[PDB]
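Examining the three-dimensional arrangement
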Amino acid sequence: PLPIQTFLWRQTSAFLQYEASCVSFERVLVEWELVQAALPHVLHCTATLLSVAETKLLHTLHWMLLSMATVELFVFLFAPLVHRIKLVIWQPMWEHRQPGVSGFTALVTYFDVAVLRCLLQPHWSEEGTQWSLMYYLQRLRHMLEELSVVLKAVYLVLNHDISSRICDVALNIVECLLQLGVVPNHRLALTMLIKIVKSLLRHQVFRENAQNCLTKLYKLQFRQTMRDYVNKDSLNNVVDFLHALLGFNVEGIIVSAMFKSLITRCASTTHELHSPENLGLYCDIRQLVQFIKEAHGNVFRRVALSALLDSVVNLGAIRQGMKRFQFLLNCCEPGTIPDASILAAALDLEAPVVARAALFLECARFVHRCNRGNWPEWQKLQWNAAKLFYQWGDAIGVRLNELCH
């Protein structure tokens, strides 16, 4: 470094005129340590101007080219410019291959580490991202033709925002890494898969690939991490995930592992739930639970009767089970959640008497509310519930007669 540095800054002050500046800009450089020291200004200003001078700046850069921070700056400013320049570096770079300059193409990888480190930026211009991701895809393919930090970077960039192009390229690269066998980390990969599938003729093919990757990953903790994710992440995303997965085996295990915690967490939100703005969301959940009951979830019975399956008596567990039962019963099809058989058989089940009595009195209160007039806040279903109630009563009476008599 020498007192001349101010002159260099002056050049930036011209770019940060369009025609006049290029004359002296080319002259002073045309007329190795000084070249290296001056390269950052030239890279910055040419990137700024590009975002007849084009040819002059390109020639200046080529003359300059013919340490990690330098490549870092190079990538940050020139990655989005690839598609617009339309040669040793540009032509290979159009196909997402390493540039041919020997300055940093050499192997100790400088370009790779540069792109990886700078890609962590939260608001990189999207144009560059699409390139960088494709580059990684290509490199991974080359690896398969003849890395956890890459997964970490992809995960850190995915959360900020997702798009059709971004999600497609992310799915492709994640599939390529799974094919490579990077996973022996598991939590990150599963979370990335969740994020990718959360936003999905064109879409189905990738979706089929999505569940294929999910099945491949299933072979190797899954339940624990999923149970953590469902509670940690906001409901809207969880319900969107379930809608995408099902649409209204992997589905069996995921539901059997997640439904209990989903109901548990959603139960303690009634005040937010009733607010009209979010009412639409509730509708989705209804379908979800209905589907779980329709033909899929036998776990529904076990989750519904949790209060007496997880059993001095444990007050907290039974209270949580009853909270879940309250949410489920008041959710859909009044008088349909507990069938006649379960109520009739509840007398003899080898479970704490308190739980059975609580279930009976809760059904009693539900029937009382139905009588008073206030069904769930929304008919033929009114008449149907009468038949279900009569079946309940007949079964209970038959059981009582058989037992006592």
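**Considering the overall build of the protein chain**
Scanning the protein chain from terminus to terminus reveals 25 helices and 0 strands. Projected onto the principal axes, the alpha-carbon positions of the protein chain cover approximately 115 × 45 × 45 Å. Buried positions account for 39% of the 405 residues belonging to the protein chain. Here the protein chain has roughly 24,700 Å² of accessible surface; of this, 57% comes from carbon and sulfur atoms. Averaging the locations of the 37 positively and 33 negatively charged side chains of the protein chain gives two centres separated by 5 Å.

**Overview of the pattern of salt bridges**
Enumeration over the complete set of coordinates arrives at 5 salt bridges. Close ionic contact of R365 with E362 constitutes a salt bridge, the shortest N to O distance being 4.0 Å. Highlighted residues: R365 and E362, both in helix α24 (residues 353-372), separated by 3 residues, approximately one helical turn. Taken together, the salt bridges that share partners define one network made up of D348, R399 and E402.

**Here's the deal with the packing of aromatic side chains**
For the structure shown, the criterion picks out 14 aromatic pairs. Taking the centre distance of 5.5 Å and the plane angle of 40° together, the rings of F111 and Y135 count as tilted. You can see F111 sitting in helix α9 (residues 110-119) and its partner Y135 sitting in helix α10 (residues 126-145), a full 24 residues away along the chain. Each member of the pair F111 and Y135 is classed as buried.

**Some points on the side chain of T225**
As for its position among the elements, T225 is in helix α15 (residues 222-232). The class of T225 is buried, set by a relative accessible area of 10%. With sequence-adjacent residues up to four places away left out, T225 is seen in contact with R187 and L190.

**Points about a nonpolar patch on the surface**
Together, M143, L144, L147 and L180 make up an exposed nonpolar region whose accessible area comes to about 310 Å². Within the fold, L147 resides in the loop between α10 and α11 (148-158).

**Observations concerning the environment of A386**
Relative to the helices and strands, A386 resides in helix α25 (residues 380-404). Here the alpha-carbon distance between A386 and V398, two residues 12 residues apart in the chain, equals 18 Å.

**A few points about helix α14 (residues 202-218)**
For α14, with 17 residues, the first-to-last C-alpha span of 25 Å sits near the 24 Å given by 1.5 Å per residue. Within α14, burial applies to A210, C213, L214 and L217. The arc enclosing the buried residues of α14, seen along the axis, measures out at 100°, which places them on a common side. Among the exposed residues of α14, those pointing more than 90 degrees away from its buried face are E208 and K216. Packed against the buried residues of α14 are α12 (164-180), α13 (186-197), α15 and α17 (250-267).

**As for the environment of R207**
By the element assignment, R207 lies in helix α14. Take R207: its relative accessible area is 35%, and that puts it in the partly exposed class. Apart from residues no more than four positions distant in its own chain, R207 is found in contact with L200 and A244.

**Regarding the packing of α9 against α10**
Close contact between α9 and α10 brings their axes to 11 Å; oriented N to C, the two are set at 135°. Classified by the angle their axes make, α9 and α10 are oblique. Crossing hand, α9 versus α10: left-handed. Along its contact with α9, which presents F111, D112, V115, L116 and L119, the element α10 presents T129, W131, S132, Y135 and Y136.

**Re the side chain of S261**
Of note, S261 is situated in helix α17. Non-local contacts of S261, meaning those with residues more than four positions away in its chain, are made with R227 and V230.

What counts, and at which threshold
Residues numbered from 1 in each chain as written, not as in the entry; some residues may be left out. Part of a larger assembly, values for the part shown. Heavy atoms only, no water. Helix = DSSP H or I, 4+ residues; strand = E, 2+ residues; numbered from the N terminus. Buried < 20%, exposed > 50% of the residue type's maximum accessible area, 1.4 Å probe, protein only. Areas by Shrake-Rupley, 256 points an atom, 1.4 Å probe, with all protein chains shown as cover. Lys, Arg positive; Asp, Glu negative; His and termini not counted. Charge placed at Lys NZ, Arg CZ, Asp CG, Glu CD. Salt bridge = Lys/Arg side-chain N within 4 Å of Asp/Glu carboxyl O. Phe/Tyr/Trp six-rings, centres within 6.5 Å; stacked < 30°, edge-to-face > 60°. Contact = heavy atoms within 4.5 Å. Patch = residues over 30% accessible without salt bridge, like charges linked within 9 Å, V, L, I, M, F, W, Y side chains within 5 Å. Expected span 1.5 Å × (residues − 1). Arc of directions from axis to C-beta. Axes fitted to C-alpha atoms, helices over the stretch in contact; angles between N-to-C directions. Parallel < 35°, antiparallel > 145°, perpendicular 65-115°, else oblique. Left-handed = near helix turned anticlockwise from the far one by under 90°.

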